[PDB]
Amino acid sequence: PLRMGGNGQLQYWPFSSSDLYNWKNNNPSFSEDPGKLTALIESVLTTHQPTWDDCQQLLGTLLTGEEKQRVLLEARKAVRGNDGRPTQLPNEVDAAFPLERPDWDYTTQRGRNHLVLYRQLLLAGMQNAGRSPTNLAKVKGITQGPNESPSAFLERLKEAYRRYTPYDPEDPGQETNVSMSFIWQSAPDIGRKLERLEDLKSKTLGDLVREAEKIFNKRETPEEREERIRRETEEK
Amino acid sequence: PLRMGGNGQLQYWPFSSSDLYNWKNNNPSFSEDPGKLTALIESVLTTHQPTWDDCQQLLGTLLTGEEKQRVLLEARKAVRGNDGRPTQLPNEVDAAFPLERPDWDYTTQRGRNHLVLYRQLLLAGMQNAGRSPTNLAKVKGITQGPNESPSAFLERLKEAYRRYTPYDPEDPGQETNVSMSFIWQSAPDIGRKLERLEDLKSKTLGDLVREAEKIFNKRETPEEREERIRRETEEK
Amino acid sequence: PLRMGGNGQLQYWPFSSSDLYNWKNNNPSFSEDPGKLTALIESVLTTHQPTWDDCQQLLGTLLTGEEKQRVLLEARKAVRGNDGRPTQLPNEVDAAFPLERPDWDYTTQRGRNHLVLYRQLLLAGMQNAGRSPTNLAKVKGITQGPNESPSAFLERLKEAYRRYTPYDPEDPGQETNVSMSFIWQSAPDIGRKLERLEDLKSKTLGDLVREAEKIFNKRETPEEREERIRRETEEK
């Protein structure tokens, strides 16, 4: 890790093994649920400002051999040339994301910039390695459970988009797409009412969740329903 | 109708009733399939350069009383103020889309500009009146038939988006949304292969149609299949 | 451990015993799987910049008496003279990799260089001690499992090369050799297709893995197969 010392100079210290093992033990494996470790590592990359060697310990400790490999190749595939486009030119790929220890000096602006880029590419690698073979059926299979809140259902639906499509459900250009899945795959009472909303085209994903919550939050308690039935007094 | 005369001056002539009645008789009613008459009228608005009175004959002849009313209110709802935003200010609405004969003189740039705008708003009115209550189930219900070509299926899917959602399936921002429905609702053999395409995220709607056609075009003729079976020679 | 202090001077602190014991407890023994501890120690040698005494604690804590001995003799066997060749000259061997505490002063370039070399030789020792009696049958016995991904299979195949041959499967000169084992020992459907690839000679190990993944990723789901069978409608 690196931190700005009291003297205005970066200061280095190695990761405590307790932190590394705690991070490992409190999360699923990367393969089981890539989002978990990816989010943890994204955070650490910022708070701990790891050097290249530190990143090797992170990866080496939190990922299996096969996972790390996937991530590293994905990171190298994320390198861009000075024209902002992908590049497979060995020297450019090696310079951005070296597989062997680089001579980066954190006391230099040059070293720092490489470290920044390296960390950014590492994150990209994990994000992309966390992707699986596109399978739209998995997205269509996310249906709101009878007790499931609209916001909880939406999070599961977004997770399926992330895992099983190339589309980022948080992109502004995907909003109507996620919105349509949300409406279609909500519980039937909710979906029928969302479909009938006035100025439906104008509803954001957040609007739709709030409208679904109004219906859900109108759940009509089991006790209440039973009481009504009892007071039914209509016989056959 | 108006046309540029041989002397560089606009020339007026009334619609032949044969054209009006032919247009009516060769198309479904607006209610049955709004796209038909809307496209015909959009074309005529250009080729025939109708005046306000001509537009009344068009509407009066091709639409029922109830359809025309819907269209006219939809057209007035499409009027924009000078700030490009909707306006319900009577004077602005009346000036753009008058319900009673205006004093527009086609020999004046002023008259011509009003005519242009009027025609544009009329078209907008028809496009919007042609919309129905949002019903996502209708879009999910468009499934490729066993003999249906991928391009024919895509056109039916787009028609459902137009009729039963507020989303324009031709908008660039809707492409991934339409693409996902196209993949999910294609015939199962096709959908499974489209889902497995390399660099799926990179495929346009046109790309997906071409890939689906390759599979469809690999239909494996009934005769061929039967022949194979005959030459099976595998008994039980 | 050593680290560059805020004053530009190396600073020493002893290993926390919690780190040493955590490293031990979270890994297999060296004998069980040498790669585990070797990779951990390679990392620590960099991040913790251990002195000669620190290295004795590392080895003493993570290895058994018999393992440490193997490693130390292997490290001394890795010493090179100034002509880049092996040397068994006592003074040269002792100077590079001393068995008794040396007078290396980390505040001197002389001391630092010896420390660098010592750590490099220690790593070499572990890498070589981790080797076992050459046994090609073990490499031929690595066969892809029916559920095993091509990348997971390749990692197991490389592990067998490391453990049971003198060849480094990551060497550029071994690529065709590993490639041929990969093709021959892949699952039969995959191997038959890899063998038929156009311009096979041009395929890297990475290319072959990607081609095998396309076949594997075409696994034809059990459910799918069953469905097909049901819809078979061919009786006997």
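As a rough footprinting exposure proxy, the listed residues C:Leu121, A:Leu136, A:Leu117 were ranked by other beta carbons within 10 Å of their own, and the order from fewest upward is A:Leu117, C:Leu121, A:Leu136.
All other residues whose Cβ lies under 15 angstrom from that of C:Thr47 are scored, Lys and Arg at +1 and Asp and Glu at -1, for a net of -3.
Sparse packing (at most 11 other Cβ atoms within 10 Å of the Cβ) combined with a DSSP loop state is found for the following GluC sites (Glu not before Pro) in region B:1-92: B:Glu32. A dipole drawn for the protein assembly as shown from +1 and -1 charges on Cβ atoms has a positive end, and of C:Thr108, B:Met180, C:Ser151 the residue lying farthest that way is C:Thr108.
With viscosity 1.002 mPa s and temperature 20 °C, the Kirkwood radius over alpha carbon pairs of the protein assembly as shown converts through Stokes-Einstein to a diffusion coefficient of 66 µm²/s. Volume per residue for region C:11-140 equals 127 cubic angstrom (convex hull of Cα atoms). Derived from the Cα gyration tensor, the three semi-axes of the equivalent ellipsoid of region A:54-96 are 24, 10, 8 Å, largest first. Label sites at C:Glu66 and C:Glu224, each approximated as a point 7 angstrom past Cα along Cα to Cβ, lie 5.1 nm apart.
Here is the list for region B:96-197: GluC sites (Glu not before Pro) lying in DSSP coil, each with at most 12 other C-beta atoms within 10 angstrom of its C-beta, are B:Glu100, B:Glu170.
Between region A:35-83 and region C:100-120, what is the C-alpha centre distance in whole Å? Comparing the Cα centres of region A:35-83 and region C:100-120, I get a distance of 32 Å.
Distances from B:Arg196 to itself in the other copies, using label points 7 Å out along the Cα-Cβ axis, amount to 1.4, 4.4 nm in increasing order.
For chain B, the number of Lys pairs with C-alpha atoms closer than 12 Å, counting only pairs eight or more positions apart or on separate chains, is 4. Computed about its Cα centre, the charge dipole of the protein assembly as shown is approximately 320 debye, with only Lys, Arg, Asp and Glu carrying charge at their Cβ. Sorted from shortest to longest, the distances between the B:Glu223 label points of this copy and the other copies are 3.9, 7.4 nm, with each point 7 Å from Cα along the line through the beta carbon.
In the Gaussian network model of chain B, springs joining C-alpha atoms below 10 Å, which of B:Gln144, B:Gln69, B:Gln174 carries the largest mean-square fluctuation? Maximum among the listed residues: B:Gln174.
Each 10 Å bin from 0 upward holds the following percent of the Cα-Cα pairs of region B:1-82: 16, 46, 28, 10, 0. Treating r as the C-beta distance of C:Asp199 and C:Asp105 and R0 as 60 Å, the FRET efficiency rounds to 0.55. Compared with the rule-of-thumb size 2.2 N^0.38 Å for a compact globular protein, region C:64-127 has a Cα radius of gyration ratio of 1.10.
When each of C:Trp13, A:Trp184 is scored by the number of other beta-carbon atoms lying within 10 Å, the sequence from fewest to most is C:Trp13, A:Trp184. Projected onto its three principal axes, the C-alpha set of region C:136-236 covers 56, 29, 20 Å, listed from the longest axis down.
Between B:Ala137 and A:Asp33, the FRET efficiency from the beta-carbon distance, with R0 = 30 Å, is close to 0.40. For chain C, the mean residue ellipticity at 222 nm estimated from helices alone is -17500 deg cm²/dmol, where every DSSP H run of n ≥ 4 contributes -39500 (n - 2.57) and the total is divided by all residues, rounded to the nearest 500. Exposure proxy ranking for C:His114, B:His48, based on other Cβ atoms within 10 angstrom of each Cβ and starting from the fewest, stands as B:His48, C:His114. Considering only chain C, the C-beta nearest to the rotation axis that sends C to A is found at C:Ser18, 7, the distance in whole Å. Plainly put, the tip 7 Å out from Cα toward Cβ on B:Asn7 is 9.7, 10.5 nm from that tip on each other copy, the closest given first. Note on chain C: along the principal axes its Cα atoms extend 85, 41, 36 Å, ordered by decreasing extent.
Positions of Cβ are backbone-derived with ideal geometry, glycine not excepted, and every protein chain shown enters the neighbour counts. Just so you know, all these numbers are worked out from the coordinates, no wet-lab data involved.
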